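Residue numbers (PDB author numbering), protein chains in the order written: chain E, 23 to 150, 158 to 246; chain A, 0 to 213; chain B, 1 to 218. The C-beta atom is built at its ideal place from N, Cα and C for all residues, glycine as well.
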Amino acid sequence: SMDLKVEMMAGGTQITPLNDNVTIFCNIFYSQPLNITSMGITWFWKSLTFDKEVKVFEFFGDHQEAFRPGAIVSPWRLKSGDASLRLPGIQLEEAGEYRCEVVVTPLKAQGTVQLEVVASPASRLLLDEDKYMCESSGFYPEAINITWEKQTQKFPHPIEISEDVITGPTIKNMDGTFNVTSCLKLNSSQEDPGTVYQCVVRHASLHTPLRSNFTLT
Amino acid sequence: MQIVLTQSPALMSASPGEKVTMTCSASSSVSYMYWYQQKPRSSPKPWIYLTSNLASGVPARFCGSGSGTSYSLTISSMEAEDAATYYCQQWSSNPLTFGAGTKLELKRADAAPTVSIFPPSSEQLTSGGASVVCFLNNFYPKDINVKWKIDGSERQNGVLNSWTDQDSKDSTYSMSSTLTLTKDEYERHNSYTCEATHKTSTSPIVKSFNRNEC
Amino acid sequence: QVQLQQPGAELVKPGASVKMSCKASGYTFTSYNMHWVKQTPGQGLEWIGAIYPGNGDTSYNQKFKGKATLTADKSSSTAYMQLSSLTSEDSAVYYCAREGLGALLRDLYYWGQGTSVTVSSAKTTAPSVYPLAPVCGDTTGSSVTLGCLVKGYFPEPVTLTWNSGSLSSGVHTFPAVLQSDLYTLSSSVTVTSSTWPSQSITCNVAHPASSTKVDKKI
Ligand SMILES: *[C@@H]1O[C@H](CO)[C@@H](O[C@@H]2O[C@H](CO)[C@@H](O)[C@H](O)[C@H]2NC(C)=O)[C@H](O)[C@H]1NC(C)=O
Ligand SMILES: *[C@@H]1O[C@H](CO[C@@H]2O[C@@H](C)[C@@H](O)[C@@H](O)[C@@H]2O)[C@@H](O)[C@H](O)[C@H]1NC(C)=O
Numbered sequence: 023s024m025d026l027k028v029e030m031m032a033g034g035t036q037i038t039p040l041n042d043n044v045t046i047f048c049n050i051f052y053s054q055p056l057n058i059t060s061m062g063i064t065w066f067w068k069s070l071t072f073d074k075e076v077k078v079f080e081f082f083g084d085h086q087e088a089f090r091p092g093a094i095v096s097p098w099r100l101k102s103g104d105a106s107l108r109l110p111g112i113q114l115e116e117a118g119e120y121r122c123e124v125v126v127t128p129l130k131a132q133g134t135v136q137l138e139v140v141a142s143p144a145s146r147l148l149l150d158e159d160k161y162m163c164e165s166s167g168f169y170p171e172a173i174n175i176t177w178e179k180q181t182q183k184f185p186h187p188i189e190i191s192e193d194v195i196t197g198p199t200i201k202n203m204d205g206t207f208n209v210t211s212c213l214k215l216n217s218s219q220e221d222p223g224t225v226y227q228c229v230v231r232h233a234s235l236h237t238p239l240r241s242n243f244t245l246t
Numbered sequence: 000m001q002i003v004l005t006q007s008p009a010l011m012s013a014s015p016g017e018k019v020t021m022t023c024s025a026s027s028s029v030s031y032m033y034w035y036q037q038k039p040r041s042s043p044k045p046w047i048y049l050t051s052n053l054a055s056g057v058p059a060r061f062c063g064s065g066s067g068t069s070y071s072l073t074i075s076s077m078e079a080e081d082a083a084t085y086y087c088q089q090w091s092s093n094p095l096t097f098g099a100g101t102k103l104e105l106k107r108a109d110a111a112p113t114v115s116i117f118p119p120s121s122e123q124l125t126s127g128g129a130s131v132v133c134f135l136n137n138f139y140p141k142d143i144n145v146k147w148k149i150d151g152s153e154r155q156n157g158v159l160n161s162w163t164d165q166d167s168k169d170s171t172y173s174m175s176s177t178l179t180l181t182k183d184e185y186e187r188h189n190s191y192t193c194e195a196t197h198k199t200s201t202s203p204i205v206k207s208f209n210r211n212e213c
Numbered sequence: 001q002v003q004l005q006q007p008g009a010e011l012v013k014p015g016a017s018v019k020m021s022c023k024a025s026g027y028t029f030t031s032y033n034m035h036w037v038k039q040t041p042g043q044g045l046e047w048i049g050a051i052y053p054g055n056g057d058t059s060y061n062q063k064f065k066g067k068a069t070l071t072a073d074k075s076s077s078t079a080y081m082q083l084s085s086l087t088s089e090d091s092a093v094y095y096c097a098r099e100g101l102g103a104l105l106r107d108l109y110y111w112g113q114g115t116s117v118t119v120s121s122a123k124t125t126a127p128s129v130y131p132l133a134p135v136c137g138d139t140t141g142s143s144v145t146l147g148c149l150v151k152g153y154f155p156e157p158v159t160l161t162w163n164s165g166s167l168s169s170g171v172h173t174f175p176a177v178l179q180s181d182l183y184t185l186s187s188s189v190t191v192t193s194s195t196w197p198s199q200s201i202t203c204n205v206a207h208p209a210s211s212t213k214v215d216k217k218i
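As structure tokens, then:
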């Protein structure tokens, strides 16, 4: 029962960028020395929407077979117990639950992991008393928080600007990616000298906000 | 282990509003079955994937189901626009394969064909050849049998046929049957007959003429 | 947005070779399998194989190994299929198709319009146009069926109209059939016997390949 074991990403979820070459982890732990030729590995993908599972890759001890183009599990690594699945240029529709099934007759073990595919926002700041437009494009998922903040010499602590700022609707693109633009109207007459402003973009694909500097002049 | 897909029936007729069911039988088990729809002069369209999921844009009247080696595509209520050929496809093992397809046509009342026979033109005869033409128009169903007779005796060598696609306005079919000979063989006989046997009658429709009679 | 462009058709000589192209656009060319499918009236749809532009991995149908070869040019996002030493059995429409991923893995979701390939020695030939009329020009009843026989031409196609397009109802123009390596076609049209043979009907046939354009009064 516990002479053969499988371990997936801690946390149960892996996140990867669109078009990157992701590696879904699957580690084997056997009570005996691994003899890859007498071992079998199978990877399945299950849609989180349709709840239907498909075989994605199979390792028959002395030869592999990929059902998902480019899919591979390197043999020279499987000996170290690494049954991880490499998927070249992953796509948005490939997000889902992946399952790694290991067979070392008569023992069998498995594990599942969630793969999320994300696209980082491309934020562009452009100038039209002063209309500013911040366009962040090509991001996935849809949810995205755009904000504006300013730091005056008086109060250098960044404070959020929630006036004269209109954040437009998020439009879906053809390649499944998303778009959104936000506009801020600044009046020189009302602003302090040398204030530093910035468009702040928060999104799941970012570990820290994507900022864009600018000062009136 | 090539998996063979057998679609039955090869041809189906459905009146607008009727329920339609076509099947796909696989030689050995299959994980999932996919379906495609194709109309004349255009590429096939994905219709069903993963056995029962409809591809975007496909009318909810369509339903796909199945398991192991037996699958089916259903249409709750037939519509004119549904007349097309449907193919099943699998790829659980190499090579990827398609069924021979099921041609789904519109159903209508039986209709006997209007038949007319025509003799070789002088121009063609002038060049040493002779083509006798027979037109069988606006009949239904499409299944029909045409027999050519020279002086009462059947003739199979040298016959070429062609059919039109189900008519857009009245759902009928038309066919053209041409018998080509040399001017010399043509002139060696006198009567030329076109016999059409169709479901609408136990007795065949017979059209013919005699050479030189005018 | 996903688009697959294929040239409309190719006329090729027996024994020769041909390279079919498929211009892909609207997506990451290197992340999806590109498949090729053969279609001839006689055998429905047949899979030739697939190629993963990205690492060039291919999968072939045993029946085409040695006949077909799939290649790809990443720089131009174009898939290619080459058929060696053709025979009439290779005459068919060859489709380009993108296999999806995820819920659509192993499903051919996007198809090119297909390239119609004709394998033949025949050289351009103008058609002979013959009139089809009842044996003695007799009519019986309210109408009469007359016709037009377009025989012995290459290559396809030809265009046939009646009375310069004025007469379109009651017409049936049949699909061309291959007769001795040349094409033959016919069209039947029913009209009122009230004015025929009194007033003639005209069959208009045009064959671009030979620049011929004939009008046949019946
Ligand atoms: C979302 O934003 C992107 C980013 O600009 C748009 O794509 C650009 O469109 C412009 C003009 O339409 C082109 O000049 C660029 O080459 C495109 N690529 C870039 C800069 O990313 C896209 O059009 C927007 N989405 C929608 C709904 O159109
Ligand atoms: C992704 O990988 C690319 C190189 O990987 C190799 O070539 C590709 C085409 C596949 O055949 C793969 O199996 C090979 O290992 C890099 O060029 C690229 O920078 C990598 N990073 C990306 C695109 O996210």
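DSSP bridge partner residues for residue i (one or two, in chain order)
i, result
"B:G147", "B:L132 and B:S188"
"A:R154", "A:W147"
"residue 235 of chain A", "Any answer about residue 235 of chain A is impossible in this case: the structure gives chain A only from 0 up to 213."
"A:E194", "A:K146 and A:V205"
"B:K213", "B:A206"
"A:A9", "None, per the DSSP bridge assignment."
"E:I112", "Per DSSP, none; premise fails for E:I112."
"B:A103", "The partner list for B:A103 (beta bridge, DSSP) is empty, contrary to what the question assumes."
"B:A72", "B:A79"
"E:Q36", "E:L137"
"E:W177", "E:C228"
"E:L107", "E:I46"
Listed by chain order, chain B residues near residue i by CB distance under 9 Å
i, result
"A:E122", "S128, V129, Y130 and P131"
"E:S234", "By Cβ distance, chain B contributes nothing, its closest Cβ being about 18 Å from E:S234, past 9 Å."
Under 8 Å by beta carbon: chain B residues contacting residue i
i, result
"E:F89", "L105 and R106"
Per-residue contacts from residue i into chain E (C-beta, under 7 Å)
i, result
"B:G147", "Near B:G147 there are no residues of chain E at all, since even the closest Cβ is about 50 Å away, more than 7 Å."
Residue-chain proximity (residue i, chain A), Cβ-Cβ < 7 Å
i, result
"B:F174", "yes"
"B:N204", "no"
"B:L4", "no"
"B:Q113", "yes"
"B:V158", "no"
"B:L45", "yes"
"B:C96", "no"
Listed by chain order, chain E residues near residue i by CB distance under 9 Å
i, result
"B:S31", "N41, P91, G92, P110, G111, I112 and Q113"
Cross-chain neighbours of residue i in chain A, by beta carbon under 8 Å
i, result
"E:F72", "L49 and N52"
Minimum Cβ-Cβ distance from residue i to chain B less than 7 Å
i, result
"A:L159", "yes"
"A:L180", "no"
"A:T171", "no"
"E:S211", "no"
"A:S207", "no"
"E:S191", "no"
"A:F61", "no"
"A:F138", "no"
Where residue i meets chain E, residues with beta-carbon distance less than 8 Å
i, result
"B:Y27", "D204"
"B:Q1", "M203 and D204"
Within-7 Å CB hit, residue i to chain E
i, result
"B:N55", "yes"
"B:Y80", "no"
Partner residues on chain B for residue i, Cβ-Cβ distance less than 7 Å
i, result
"A:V132", "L132, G147, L149 and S186"
"E:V76", "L105"
"E:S69", "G102 and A103"
Presumed contact (8 Å Cβ cut-off) between residue i and residue j, rounded CB distance
i, j, result
"E:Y120", "E:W65", "6 Å"
"B:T125", "B:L182", "6 Å"
"A:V132", "A:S175", "7 Å"
"B:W111", "B:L70", "Contact doesn't hold; Cβ gap of about 16 Å is too wide."
"A:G100", "A:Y86", "4 Å"
Beta-carbon neighbours of residue i, restricted to chain A and to distances below 7 Å
i, result
"B:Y109", "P45"
Cross-chain neighbours of residue i in chain A, by beta carbon under 9 Å
i, result
"B:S59", "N93, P94 and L95"
Task: Residues of the segment 111–139 of chain E with Cβ closer than 9 Å to any Cβ of chain B, in chain order - done: Residues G111, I112, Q113, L114, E115, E116, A117 and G118.
Open item on the list: Under 8 Å, CB to CB, which of the residues in the segment 65–89 of chain A have a partner in chain B?
Closed with: Of all residues in the segment 65–89 of chain A, only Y86 and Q88 place a beta-carbon less than 8 Å from a beta-carbon of chain B.
Task: Positions along the segment 15–33 of chain A whose CB lies within less than 7 Å of some CB in chain B - done: Those residues of the segment 15–33 of chain A that come within reach of chain B (Cβ to Cβ, closer than 7 Å) are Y33.
Task: Against chain B: residues of the segment 93–106 of chain A by CB proximity under 9 Å - done: Those would be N93, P94, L95, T96, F97, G98, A99 and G100, in chain order.
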